[PDB]
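Here the structure comes first, spelled out in structure tokens, and everything after it is commentary.
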Amino acid sequence: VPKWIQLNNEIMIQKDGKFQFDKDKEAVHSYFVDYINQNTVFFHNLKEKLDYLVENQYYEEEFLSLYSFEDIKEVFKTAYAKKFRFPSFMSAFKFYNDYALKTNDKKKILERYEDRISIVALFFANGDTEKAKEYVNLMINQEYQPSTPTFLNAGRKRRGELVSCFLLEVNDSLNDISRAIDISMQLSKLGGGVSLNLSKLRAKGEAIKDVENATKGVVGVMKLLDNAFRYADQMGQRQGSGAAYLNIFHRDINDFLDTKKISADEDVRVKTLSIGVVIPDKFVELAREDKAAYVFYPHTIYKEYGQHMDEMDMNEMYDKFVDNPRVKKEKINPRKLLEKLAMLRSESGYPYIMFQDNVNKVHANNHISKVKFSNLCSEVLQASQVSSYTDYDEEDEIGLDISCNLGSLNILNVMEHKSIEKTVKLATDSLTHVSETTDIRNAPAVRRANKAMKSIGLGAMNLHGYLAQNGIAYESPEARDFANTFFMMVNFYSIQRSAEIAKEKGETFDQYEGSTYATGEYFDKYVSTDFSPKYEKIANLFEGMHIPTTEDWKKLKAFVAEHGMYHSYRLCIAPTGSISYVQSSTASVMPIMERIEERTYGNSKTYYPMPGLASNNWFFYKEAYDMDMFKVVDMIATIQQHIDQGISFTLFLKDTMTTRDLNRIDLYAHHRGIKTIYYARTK
Amino acid sequence: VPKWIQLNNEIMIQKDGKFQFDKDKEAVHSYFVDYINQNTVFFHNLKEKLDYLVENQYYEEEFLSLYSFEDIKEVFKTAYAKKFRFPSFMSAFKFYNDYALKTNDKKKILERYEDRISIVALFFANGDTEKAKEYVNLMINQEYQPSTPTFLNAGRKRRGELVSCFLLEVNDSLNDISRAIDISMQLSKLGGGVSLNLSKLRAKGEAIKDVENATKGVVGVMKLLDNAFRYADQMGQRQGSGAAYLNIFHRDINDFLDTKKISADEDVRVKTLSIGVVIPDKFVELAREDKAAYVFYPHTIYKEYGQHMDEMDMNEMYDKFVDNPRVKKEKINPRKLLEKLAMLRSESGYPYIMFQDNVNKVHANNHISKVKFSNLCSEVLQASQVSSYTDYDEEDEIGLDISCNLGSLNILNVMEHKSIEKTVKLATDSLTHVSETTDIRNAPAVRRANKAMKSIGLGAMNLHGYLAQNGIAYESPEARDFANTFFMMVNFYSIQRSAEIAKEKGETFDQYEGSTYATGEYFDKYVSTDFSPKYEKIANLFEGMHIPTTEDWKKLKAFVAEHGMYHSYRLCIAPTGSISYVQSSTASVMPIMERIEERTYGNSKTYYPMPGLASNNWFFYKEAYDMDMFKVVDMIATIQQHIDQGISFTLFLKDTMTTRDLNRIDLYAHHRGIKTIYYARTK
Amino acid sequence: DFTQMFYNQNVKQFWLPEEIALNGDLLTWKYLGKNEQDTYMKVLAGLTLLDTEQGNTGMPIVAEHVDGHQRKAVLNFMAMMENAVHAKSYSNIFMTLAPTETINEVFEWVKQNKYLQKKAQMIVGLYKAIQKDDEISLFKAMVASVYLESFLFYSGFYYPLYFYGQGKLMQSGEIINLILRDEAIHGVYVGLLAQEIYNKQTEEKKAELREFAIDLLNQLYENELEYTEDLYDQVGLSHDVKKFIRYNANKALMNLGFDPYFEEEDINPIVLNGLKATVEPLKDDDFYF
Amino acid sequence: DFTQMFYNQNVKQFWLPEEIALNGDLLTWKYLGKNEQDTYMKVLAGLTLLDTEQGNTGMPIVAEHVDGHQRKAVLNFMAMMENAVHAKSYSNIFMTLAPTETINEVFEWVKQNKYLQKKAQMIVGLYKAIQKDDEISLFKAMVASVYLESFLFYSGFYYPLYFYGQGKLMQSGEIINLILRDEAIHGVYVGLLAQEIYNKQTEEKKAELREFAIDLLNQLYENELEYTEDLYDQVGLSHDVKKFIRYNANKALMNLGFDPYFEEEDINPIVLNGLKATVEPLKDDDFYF
Ligand SMILES: Cc1cn([C@H]2C[C@H](O)[C@@H](COP(=O)(O)OP(=O)(O)OP(=O)(O)O)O2)c(=O)[nH]c1=O
Ligand SMILES: Nc1nc2c(ncn2[C@H]2C[C@H](O)[C@@H](COP(=O)(O)OP(=O)(O)O)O2)c(=O)[nH]1
Ligand SMILES: Nc1nc2c(ncn2[C@H]2C[C@H](O)[C@@H](COP(=O)(O)OP(=O)(O)O)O2)c(=O)[nH]1
Ligand SMILES: [Mg+2]
Ligand SMILES: [Mg+2]
Ligand SMILES: [Mn+2]
Ligand SMILES: [Mn+2]
Ligand SMILES: [Mn+2]
Ligand SMILES: [Mn+2]
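Protein chains in written order, with our numbering: chain S, 6 to 688; chain R, 6 to 688; chain F, 261 to 549; chain Z, 261 to 549.
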């Protein structure tokens with residue numbers, strides 16, 4: 006048993022009726038002094054280390070050649086000038102086991118935390134020494150954390166893509182289905198999660214060019230995609246993860262849901278394919294009034310109207326579809342479908358729930374397209390256009406497939422540094438750089454949408470950690486007040502930075518002129534409502550920091566009208582799974598699942614108290630399962646009103662909660678404006 | 006019970022110790038006058054019939070527009086002047102259930118046998134009235150039978166392709182694997198059977214861009230292809246049929262064979278994918294000497310030598326691969342592998358066995374490529390060049406993927422009419438037309454190889470029927486003498502027709518000048534050895550029909566050298582499954598399995614005596630299971646020496662014989678020059 | 261002289277209802293009258309009850325008291341077939357053809373049906389009366405088991421066979437024929453064990469055992485008549501079924517080594533129409549010819 | 261929550277002895293030393309004798325006292341596998357490897373063996389102590405059954421798996437692997453039935469049942485150590501066999517919903533190579549807030 010593992014295990018040994026939280030500092034100190042400093046390759050000078058890394062196929066010479074070695078040396082000086090110390094053993098362990106650069110035999114350590122941060126900053130700045138130093142200060146202060154792909158792979162020769170979330174539209178054709186399988190395998194090969202919209206595919210028992218009842222439906226494509234993701238398993242390193250989305254009004258919705266039942270047949274069940282259900286307001290209205298609903302065969306609708314069923318507004322088109330004799334449908338019970346959804350989420354956590362009209366009532370790019378589905382993590386909500394992949398000899402009609410770049414603000418560190426504006430703008434610049442430097446050669450729609458939309462996702466994390474370390478309960482109205490003010494400021498400065506980038510480059514995103522940013526409809530609630538804190542305690546948290554006012558929002562609206570907006574999408578709150586340990590932060594804006602995290606690595610068990618947990622703030626670190634999910638919905642809806650994309654919203658349920666309770670949580674989320682629901686986690 | 010199937014069941018009622026074979030004539034007469042003439046749509050004149058069929062999307066207007074209606078009327082008169090009568094109930098039942106045109110609701114019958122034959126003939130002739138009449142005479146006399154795709158779809162609007170056998174080479178890349186899956190689904194959608202070579206794919210545990218043990222092997226691609234063929238099943242009426250081929254020296258050969266074991270897990274076993282094993286003479290030599298053989302990792306060989314393993318000569322490079330330290334190899338026992346092959350064929354009928362050096366020692370187009378795999382029916386043996394499907398933005402290097410049009414001579418009717426030459430030439434013309442009118446716009450390599458190679462497959466059937474109806478035992482030397490003379494004559498006239506077509510069109514097949522036809526080496530055994538029958542009984546069977554001598558073969562060799570050959574491949578003997586009933590013929594050149602064949606169609610049981618079966622030739626219709634497989638191998642090898650492609654050779658095994666007997670049959674087939682072994686059928 | 265051949269026959273007859281796809285019966289079922297569907301459901305429910313008790317109780321208890329590991333293996337296999345295969349197959353049929361409420365109702369109907377309760381009471385009572393090392397109580401239970409296998413099932417079997425013979429409900433009918441094929445060999449086997457015990461007795465004791473067997477048969481028969489009328493009067497077939505059960509009663513008696521008790525009658529002809537390779541290593545000489 | 265799932269897994273694992281040809285084992289059997297052949301014979305007889313108790317008593321007695329038609333069917337299926345499949349398979353292996361006289365002598369020896377008898381009679385004692393309508397006595401017997409299925413067999417399974425992992429006695433090793441795979445699922449299933457009873461008890465009664473289970477495990481474990489040395493010292497394997505016993509004891513405890521008793525240990529690599537919350541409807545007013 007390692008000495009640091011023993012020291013970390015002494016946290017649970019209760020001395021004087023309290024956990025020994027101070028043992029984790031001893032644990033991390035022992036871990037470093039006994040393992041990391043021993044296994045860290047040291048070089049006489051930074052020049053020798055850099056030469057070894059570039060020449061041994063560890064780094065990329067292209068981005069490092071943009072600086073004189075003096076500038077790189079000063080950047081590394083800035084990283085090491087902070088004397089950053091990992092507060093807990095788990096932070097250092099996670100970094101040096103997941104993100105630190107190791108030798109080709111994975112025996113020694115080439116990169117410390119400072120080296121990784123310096124390389125990421127030098128890649129972000131793209132030749133600017135002052136910008137690189139600013140990125141170094143931002144990341145070594147741990148105010149901004151680039152996503153796991155960006156943080157892990159930036160500046161590495163043998164790297165995967167810096168983007169890991171992709172959203173593909175699948176057209177109703179064998180050519181398009183085969184192309185979707187190919188692109189899914191190519192993107193999973195790069196290490197990215199792939200989400201596929203299956204709503205355009207015609208249902209089971211539909212006609213294929215005069216041969217009726219010949220289509221296997223969305224479940225055959227589901228099996229194809231599941232095997233494609235199983236094959237493209239990231240070189241046998243990490244299991245290939247993909248998601249499939251289907252509209253709740255699709256005829257195959259029940260077959261779509263039956264793929265996740267525990268009793269599912271092996272010719273129906275899918276293993277590596279997550280499922281998400283898209284629910285328009287029409288379905289919730291039908292279930293509310295207990296009227297019997299209809300699911301429609303998409304190809305009949307396409308033949309009758311020339312438009313896909315998911316391309317049309319179900320609120321206005323549902324009655325026309327039902328009254329159309331040439332549109333084929335079967336009766337369903339919407340309440341029974343809702344209960345089936347809740348039962349499936351209780352049993353397996355699936356499907357994801359995307360409230361279509363909650364997303365699109367505040368969507369800023371409805372002119373480009375409505376948001377029809379989400380990503381594998383249920384936070385990316387962007388307009389997509391389906392591609393028409395024709396025969397081999399013909400020319401394909403390339404659409405827009407969603408792929409956004411992820412980054413997370415550390416709410417605790419941004420708040421303690423009083424640097425919401427600077428951190429938000431620098432994170433926007435880094436995400437923009439990642440977007441520009443991303444070129445995917447086997448997903449033409451993804452590449453086209455990356456070049457045109459220039460969409461980024463700037464998330465946040467350590468919300469519960471910041472609140473509990475400041476004596477604020479997560480469910481308290483003061484917590485929602487802080488979230489309101491903080492994310493209003495984040496949105497303000499992200500919009501300002503996007504407009505500044507548009508002014509600097511003289512270009513906006515494609516089809517910006519039709520957006521609500523161009524017409525000013527986006528800024529209505531910001532030029533009409535004041536989002537300053539309503540509590541003196543919360544207003545004191547923002548001391549020394551200018552909270553944007555209504556006049557500031559009017560000035561921003563005028564600036565955006567004059568100069569445009571560079572990013573179609575800017576903010577999305579991803580789960581931030583493994584980077585939260587490195588940042589000593591609670592995951593995303595979700596509340597903590599456990600106060601102290603018990604995990605086993607190898608043959609030794611490890612203990613991870615939540616960051617900042619102590620005796621004084623023990624009960625402010627309320628576990629998510631002990632919380633009222635209605636208040637968590639209230640918090641996420643408070644945040645969601647300032648996030649242009651969605652938020653990964655996990656439901657934390659007790660074992661005593663019934664199907665009716667899960668349905669009530671889902672319906673209250675729909676009522677409160679929640680866009681997506683990620684997971685149903687049961688204790 | 007239907008009257009016709011009641012009459013057909015009176016065959017088995019033994020009267021005076023004999024089967025009532027004449028009941029089948031009464032059975033078919035009742036079948037017609039009680040079902041067919043009643044359910045047949047009859048029009049006032051042929052003009053109304055043709056207008057009705059063209060207008061209601063049953064026929065194609067383009068091919069019928071090349072003839073004035075007087076010519077079409079003359080063709081239909083020629084078809085009906087024969088007054089063809091089906092000799093058995095099964096013939097008419099199979100035709101009117103599988104190939105006769107029916108109304109859109111599958112209610113009534115639009116085409117008789119004469120109508121279908123006339124339409125196929127007018128399609129073949131392509132505007133020529135006299136040629137259409139010649140084709141009508143050829144098919145109404147049942148001397149030549151177009152394959153099931155051609156006979157079923159010739160001249161129909163809503164039709165599949167006229168070719169159903171496709172062979173695909175898969176390169177060792179994810180782009181090429183995705184393209185292989187796409188092309189397999191596209192061709193299965195067209196109704197064709199697709200065979201894929203998986204030898205170029207690197208084995209399990211190979212590196213994918215310097216990360217080791219990353220490749221899932223050929224079994225992952227096998228699962229992908231199996232699900233692709235399950236998806237593209239054409240309503241499931243005829244589910245997607247695929248074949249995978251692996252060289253026996255591939256490292257994944259044991260896992261490739263384990264996909265067919267009964268005890269295989271659901272994560273390994275493939276169900277819709279047939280498997281074939283390509284065995285070079287090196288493997289048979291290694292097993293014969295009981296030496297230690299080695300299977301190789303294909304990617305190591307490709308990296309070391311720059312060529313794929315299956316693109317190299319194993320009999321000359323096996324020792325170099327073994328001695329090469331940079332080539333990765335695994336030790337195997339070749340005799341244990343042979344025993345495993347025999348056990349797998351006994352328990353499942355798989356794999357197909359291709360003797361690669363038996364195919365390539367007589368292959369005429371080794372300059373283009375060596376034959377590396379066979380088709381799903383294990384009789385197409387043509388040169389293929391792998392394609393290089395690149396990224397979306399890059400141009401693809403299109404290779405040569407095999408596909409040939411099938412057609413069978415009826416040996417009994419051809420020999421009765423003394424029309425080997427005319428039947429062979431007309432069938433060659435029809436197959437050439439089918440090749441010219443085929444355009445696969447989603448399989449680039451299939452299209453390119455169809456345009457370049459112009460390969461056709463002209464098979465034969467009713468060999469056992471003809472021999473049994475002429476008092477010749479299938480195993481007798483006289484039967485092999487007849488097969489030798491008959492198929493030498495077929496080869497002579499097919500080569501003559503190919504040379505005449507090349508002379509008329511002024512073009513040969515691509516890379517003809519490097520072929521053995523151009524060098525004249527192909528004709529060595531024909532200008533040196535006389536193939537006239539050695540028995541007076543057989544020599545009288547060919548009386549009235551000129552048998553080409555050595556002088557005739559020398560003249561043909563000069564003609565080919567001076568004019569070239571239009572088809573790279575001309576003759577392949579396919580199984581000819583369902584068209585054998587319509588033609589009242591035994592299936593292919595293989596011996597019959599049952600003298601009287603009992604089948605259940607729906608809830609009706611009906612019996613099919615072999616064509617011409619009686620008491621005077623009961624024992625000449627010896628079942629395939631009761632005869633020596635060594636003599637059947639001798640017969641197939643006698644036929645194979647005149648066939649440029651392979652012969653679908655089914656092994657008929659008793660329950661008593663062990664795996665050693667199956668291995669002995671396989672080794673004797675390899676010794677006797679058998680190119681492929683199709684099935685190990687056990688009774 | 262017989263157990264090994266019964267062992268081999270039983271294991272070679274092994275099957276599962278899932279081997280037979282049932283969706284093909286959907287249309288011929290839809291087309292039956294309400295009376296016909298009602299009788300059919302109830303008939304199969306009565307069969308389900310019999311197999312439930314034969315599997316849970318009858319076969320295991322007889323297995324417990326019969327000596328010899330091979331005899332026990334046969335009886336254990338037969339027990340498994342009763343409840344793991346036969347009784348379950350009926351639910352496969354029900355779940356295909358009928359909505360849940362109709363299924364619930366028919367199982368409630370078995371609980372309250374007086375003839376079905378009486379026959380279960382009588383048969384299971386005899387099973388539970390077996391006393392260890394008491395061959396007479398065992399014989400009595402084996403007679404009861406033969407009467408269940410070879411007589412009592414047949415008022416139920418009639419109807420699926422009657423449809424099968426007309427080309428109706430043929431997938432369900434295929435299942436029923438497999439069940440019937442099993443029960444025929446089960447009745448013979450248990451009959452042979454019963455005869456073993458009977459043959460050990462004095463002539464006086466034998467005379468009493470014949471009285472027991474005939475009295476029991478008559479009592480079961482009279483109850484089965486009322487059950488048959490109750491089920492079949494609404495479909496017009498009661499008299500025909502009665503002839504069938506008498507026919508099978510004679511077969512049960514014969515399985516017990518007794519003379520037929522009922523006179524022969526013509527049965528509905530429709531119902532009559534309702535009825536690795538060895539591995540050998542390669543030698544060196546195998547590679548030369 | 262689980263019986264239909266186990267039904268499916270059980271019936272899809274169905275197999276017969278005849279499927280594996282045994283004669284080719286003689287080609288490796290002839291090359292083993294006397295001690296290896298002796299240990300193998302003794303281990304095989306040990307497994308055979310214990311499995312017979314499970315077929316004749318263990319499974320049928322549990323099937324008798326457990327309520328539920330579907331559970332009785334699964335339990336019947338498991339009893340069938342013991343008596344009809346496993347017992348014939350062990351006999352087949354013996355008849356292939358030893359002459360009749362040698363088989364009779366090995367069984368005489370193992371029948372008199374102190375360590376085999378101690379465990380066999382301890383298990384059988386608990387089966388004989390089950391009382392009608394007493395779930396505590398049923399639970400104790402289920403614990404005994406799980407200990408046999410998931411723990412006691414494994415000191416025996418070790419040796420065939422050890423050979424199987426080396427390429428020796430592959431045909432009989434394949435048979436043993438199929439048997440072991442059945443016993444694994446039997447142990448898991450009976451374990452779930454025991455947990456059902458355990459969960460119906462008070463906290464004091466639970467603590468008392470835990471003490472029973474641990475005490476029983478301790479008695480059996482100490483006898484297993486002696487059994488192990490008695491058989492495996494002569495072939496030098498006892499240390500590794502002991503690790504395998506503890507690893508399987510932990511699996512047996514986990515089957516009963518209990519914590520592992522023994523520290524985690526690595527196993528011999530040759531042997532390794534051988535080896536719904538509650539549905540509630542939406543009742544309106546849940547759509548309004
Ligand atoms: C991407 C991928 C490839 N493979 C296998 C299948 C292909 O035959 C083989 C080649 O993959 P490639 O697509 O050629 O990968 P690569 O070009 O980046 O690697 P290399 O430089 O070695 O050519 O790898 C997998 O098994 N799983 C996977 O996820
Ligand atoms: N010497 C050295 N410095 C390293 C290494 N990895 C990162 N660094 C950082 C530490 C300093 O901030 C910076 C410059 O180190 P140096 O080259 O020793 O500089 P100097 O102090 O000699 O001027 O590089 C490393 O491996 N060696
Ligand atoms: N009348 C008619 N003839 C048909 C039909 N299908 C095929 N035929 C064939 C039969 C004859 O050989 C040929 C000409 O038939 P027709 O048009 O009736 O001409 P004719 O009998 O007046 O010369 O067409 C058909 O449906 N009707
Ligand atoms: Mg289309
Ligand atoms: Mg490559
Ligand atoms: Mn039964
Ligand atoms: Mn029975
Ligand atoms: Mn057992
Ligand atoms: Mn067991």
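Ideal placement from N, C-alpha and C gives every residue a C-beta, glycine not left out.
query: DSSP three-state assignment for S/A619, whether helix, strand or coil; result: coil
query: S/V224 versus S/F261 - alpha carbon distance; result: 6 Å
query: Within-8 Å CB hit, S/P154 to chain R; result: no
query: The region 398 to 410 of chain S touching the region 161 to 178 of chain S, judged by at least three CB pairs closer than 8 Å; result: yes
query: Where S/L172 sits in the DSSP three-state scheme; result: strand
query: Check: S/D177 C-beta below 7 Å from any heavy atom of ligand 4; result: yes
query: Residues sharing a beta bridge with S/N415, DSSP; result: S/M466
query: Positions along the region 649 to 677 of chain S whose CB lies within less than 7 Å of some CB in chain Z; result: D660, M662, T663, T664, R665, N668, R669, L672, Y673 and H676
query: Positions along the region 388 to 403 of chain R whose CB lies within less than 7 Å of some CB in chain S; result: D396, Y397 and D398
query: Chain-ordered chain Z contacts of F/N373 [CB-CB under 7 Å]; result: Per Cβ cutoff of 7 Å: no residues; F/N373 is ~18 Å from chain Z at best.
query: Distance CB(S/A619)-CB(S/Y571) smaller than 8 Å; result: no
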